[PDB]
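Taking the form solved without the partner chain, here's one chain by itself in structure tokens.
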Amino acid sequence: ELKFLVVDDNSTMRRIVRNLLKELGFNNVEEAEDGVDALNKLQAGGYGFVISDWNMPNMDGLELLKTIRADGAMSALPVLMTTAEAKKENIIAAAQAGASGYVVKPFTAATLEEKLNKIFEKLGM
């Protein structure tokens, strides 16, 4: 029942991640095309977890996270960052920006499941 918000400007990837969540049980998934479109929905309330790509137009992954964290209403949302390669500086920036975790594409449902569990475990959910 967790309402997930999947943010990626690549329609296919949003489809991949959605099927992976569904494969793990989560079907209350929503999709956004970029940080801005995500903020428009997140502000509508209802979401309990965010998964975002690092590179998107209008508002990228790192700015969307700073924006989310900076907003009191959206301060507690777990944010999982998806990336390619995952170079140190990025992990460090995502880390200091307050990311809940990051995963490198292409990941599998098994890999996604592990990440979701480390997050939930810390959060107790």
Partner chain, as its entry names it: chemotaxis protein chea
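Residue numbers count along the first chain shown, from 1.
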| property | result |
| --- | --- |
| Given 23-31 and 83-91, the range whose Cα B-factors average higher in the PDB entry | 83-91 |
| Stretch with the higher entry mean CA B-factor, where the candidates are 70-78 and 32-40 | 70-78 |
| Deposited CA B-factor, highest of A97, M56, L64, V50 | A97 |
| CA B-factor placement of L5, once the chain's modelled residues are sorted into thirds | lowest |
| For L116, the third of its chain into which the C-alpha B factor falls | middle |
